[PDB]
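Written below as structure tokens is the structure these notes are about.
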Protein chains: 2
Amino acid sequence: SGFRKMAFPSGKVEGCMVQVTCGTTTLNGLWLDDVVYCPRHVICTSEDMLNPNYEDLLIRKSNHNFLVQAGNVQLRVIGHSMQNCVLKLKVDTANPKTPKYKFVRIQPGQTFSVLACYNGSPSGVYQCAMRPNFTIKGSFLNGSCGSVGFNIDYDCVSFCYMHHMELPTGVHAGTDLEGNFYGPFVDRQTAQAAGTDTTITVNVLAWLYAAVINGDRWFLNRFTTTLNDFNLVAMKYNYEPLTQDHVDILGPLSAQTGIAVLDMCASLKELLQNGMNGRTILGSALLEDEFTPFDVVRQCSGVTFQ
Amino acid sequence: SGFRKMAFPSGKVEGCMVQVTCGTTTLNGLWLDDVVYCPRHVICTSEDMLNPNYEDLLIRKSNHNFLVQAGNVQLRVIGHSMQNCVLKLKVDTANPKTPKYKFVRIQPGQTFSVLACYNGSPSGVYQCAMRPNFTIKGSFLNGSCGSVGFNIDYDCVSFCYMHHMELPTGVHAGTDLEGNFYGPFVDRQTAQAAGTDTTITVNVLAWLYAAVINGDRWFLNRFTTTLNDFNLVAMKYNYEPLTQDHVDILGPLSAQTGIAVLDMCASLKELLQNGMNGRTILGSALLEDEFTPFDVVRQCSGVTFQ
Ligand SMILES: CCc1ccc(Cc2ccc3c(c2)[C@]2(OC3)O[C@H](CO)[C@@H](O)[C@H](O)[C@@H]2O)cc1
Ligand SMILES: CCc1ccc(Cc2ccc3c(c2)[C@]2(OC3)O[C@H](CO)[C@@H](O)[C@H](O)[C@@H]2O)cc1
Ligand SMILES: [Cl-]
Ligand SMILES: [Cl-]
């Protein structure tokens, strides 16, 4: 036992990272089959970003202007095109390391792993979640744009995110692999502010289920509640309303533990009202919301990937 | 910016994981060059573990009894030998994926990443630290024995840990790659209890330096202290005494931030005495001690690995 914020093994995605340089800008790209995906702002300069017209900035570029390096070998670019906020560079070699993969657009509250990269070289891996206000709370220095978020199922990598920018508040915005941003964010430097960072209540309960499975049970109480009562409390603490679909996704953890979902909501409610009183749950002194119900089951079941 | 508990990319180690079965027991092994390392308790049954005599249990084994599978291909075992608590199985093929690597025995307070594996297949990766009482607080289900902890420098993997067992308290014990356990723990089921889980003060300050670099500065105050005063406080809160070598390792973060190490200790001191008052630092409501000073510099500098 033990429960930890665990990322997916990163090897399969490490094999797709490449460096992309246009003019003076270098960032990362993702090499899948014979196509290299990267943020389109690689073609921008520093003022270019105040109010760029990418359609016009790309007119000045040709295939030979995009220097793509995979490890120490240069890749040949035979085509380029813009799709939403991403450029797709067609190279003349298929990546030999391409895993089986899919492109998916995730929902707020879902989690995924990030392989932070600089200059096409991996730096580290950590788990993140798509926040209800559509930002992620990552770790990104300059040059990390183009690093991707992903989940792995069996032997299929589902890419879900590509990094594009940092708000003045230090949180992060990006796109899916079709180039569409999560949320209202745009790839220009402007007054962009994030909405409320509401907590993903269904992940919190999942994590409370994890704790009981992993021996922490002090928060369990003699009470129960209803969805309509619970939700008055979640609305007061800036929590996502809990829904019947969520109660349903929590069924399996409820079955394995024998603790009814609504009794667990009653545990969460008292914790919101009274705090933890200086105690801890799974090593944390605050309620954790970046573990989905699939993530607790997966980690508590030892699911592996081939 | 942003600061997160980041693991090392796991691809290089994913290429060394293999399944090891002796009789009915399956666990993981590490395939480096032509040798496969795994816990010696793979040769034990269930009662065998109360007070095993591995010397005698191994006398009953031969090379053909150790079934080593790498992905879907079986490996041929041409030799086996015990070194402390690990068995070394010599196979007739060198692993083609062997990275450059080293075996190191770490010091308490040092951190490393774990690639949790089941049946020779990776499941996830997370960062851990060797605790002052020589246990690690991991995530391990049955079948995870043999998963390794590691750090990567440049393109050299320094293996530092191999998982072997769980104490009744849910914390974990293991060995280095030479087969010697960290701490007093032995590979038998007995009354083994962990000593105090003291906090690694030099990592805490490192993380306080990370927070200031990442915009959290509310804990900074108008005070300073001395090592001898500070240490009276660390001793009262079950913190490791801070030493001059530690002040020295913190120099670079002190230089980059302009906050004197002893002023930062004065910040840590008030936090120990008054608590955080319901606020948070780098997203945590408690003081984090599993980031070493090298880990903050590395993550805040974008160091990558080839
Ligand atoms: C085969 C051995 C094994 C596997 C997994 C676990 C841990 C575990 C954690 C979390 C969940 C579950 C199991 C699970 O879903 C939520 O529990 C449901 C009700 O018992 C069950 O119907 C599901 O098939 C599923 O096992 C223990 C032992
Ligand atoms: C080249 C661009 C760059 C690199 C790294 C960073 C972040 C950074 C974080 C943490 C530390 C340091 C830097 C560092 O050690 C601790 O700061 C010391 C005093 O300035 C310096 O002497 C060291 O070389 C080292 O830069 C910013 C910009
Ligand atoms: Cl916390
Ligand atoms: Cl974490």
(request) Would you be able to say whether some residue in the range B:169-177 is among the small types (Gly, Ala, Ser) and under 17 Å from B:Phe294 (Cα atoms)? (result) no
(message) Step by step: first the residues of the range B:190-210, then only those that are small (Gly, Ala, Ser) and under 18 Å from B:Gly170 (Cβ atoms), then the one that is farthest from ligand 1 (Cβ to nearest atom). Which residue is that?
(response) B:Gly195
(request) Name the residue, out of B:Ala255, B:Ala210, B:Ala234, B:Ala206, that is within 14 Å of chain A (Cβ to nearest Cβ) and either in a helix (DSSP H, G or I) or among the aromatic types (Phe, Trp, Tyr) (or both). (result) B:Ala210
(request) Name every residue in the range A:213-231 that is part of a helix (DSSP H, G or I) and within 14 Å of another protein chain (Cβ to nearest Cβ), in order of residue number. (result) A:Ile213
(request) Go through (1) part of a loop (DSSP other than H, G, I, E, B); (2) within 26 Å of the chain's Cα centre (by Cα); (3) away from every other protein chain (no Cβ under 14 Å) one by one and return the number of the condition A:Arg4 breaks. (result) (3)
(message) Among the residues of the range A:223-238, are any of a type in the set (A, V, I, L, M, F, W, C) and in contact (Cβ under 8 Å) with a residue 60 or more places away in the chain?
(response) no
(request) Just need a number here: residues in the range B:263-306 that are within 22 Å of the chain's Cα centre (by Cα), basic (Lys, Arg) and within 16 Å of ligand 3 (Cβ to nearest atom). (result) 0
(message) Looking only at residues that are more than 7 Å from chain A (Cβ to nearest Cβ) and out of contact with any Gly (no Cβ under 6 Å at 6 or more places or on another chain) in the range B:129-143, which one is surrounded by the fewest Cβ atoms within 10 Å (Cβ to Cβ)?
(response) B:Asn142
(message) Looking at the range A:281-306, I want the residues that are within 23 Å of A:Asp155 (Cβ to Cβ) and have a partner that is within 13 Å of ligand 4 (Cβ to nearest atom) and in a loop (DSSP other than H, G, I, E, B) with Cβ atoms under 7 Å, at least 6 apart or on another chain. Which pairs are those?
(response) A:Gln299/A:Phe3; A:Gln299/A:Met6; A:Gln299/B:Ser139
(message) I'm told B:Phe3 meets every condition in (1) assigned by CATH to the domain that holds B:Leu167; (2) among the aromatic types (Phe, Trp, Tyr); (3) touching a strand residue (DSSP E or B) at 6+ places or on another chain (Cβ under 7 Å) except one. Can you identify the failing condition by its number?
(response) (3)
(message) Given the condition more than 16 Å from ligand 2 (Cβ to nearest atom), without any contact (Cβ under 8 Å) to a residue 12 or more places away in the chain and within 14 Å of chain A (Cβ to nearest Cβ), answer yes or no: does some residue in the range B:48-66 qualify?
(response) no
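When only residues in the range A:269-295 that are among the aliphatic types (A, V, I, L, M) and closer than 26 Å to B:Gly138 by Cβ count, which is nearest to ligand 4 (Cβ to nearest atom)?
Taking the range A:269-295 and keeping what is among the aliphatic types (A, V, I, L, M), we get A:271-272, A:276, A:281-282, A:285-287.
Remaining after also requiring closer than 26 Å to B:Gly138 by Cβ: A:271, A:276, A:281-282, A:285-287.
On the way: A:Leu271: 20, A:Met276: 18, A:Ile281: 14, A:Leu282: 11, A:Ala285: 14, A:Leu286: 13, A:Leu287: 15 Å.
Residue satisfying both the conditions and the ranking: A:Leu282.
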(request) Select from the range B:107-128 the residues that are within 11 Å of chain A (Cβ to nearest Cβ) and of a type in the set (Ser, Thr, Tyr) and write down the one among them that is nearest to B:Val303 (Cα to Cα). (result) B:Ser113
(request) Return yes when B:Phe294 is part of a loop (DSSP other than H, G, I, E, B), out of contact with any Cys (no Cβ under 8 Å at 6 or more places or on another chain), of a type outside the set (D, E, K, R) and on the phi < 0 side of the Ramachandran plot and no when it is not. (result) no
(message) more than 14 Å from chain A (Cβ to nearest Cβ), of a type in the set (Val, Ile, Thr) and out of contact with any strand residue (DSSP E or B) (no Cβ under 7 Å at 6 or more places or on another chain): which single residue out of B:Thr196, B:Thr175 fits that description?
(response) B:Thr196
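Here the Cβ is made from the backbone with ideal geometry for all residues, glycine too, and neighbour counts use every protein chain on show. Basis: the model, the stated rules and, where named, an outside source; nothing here is a laboratory result.
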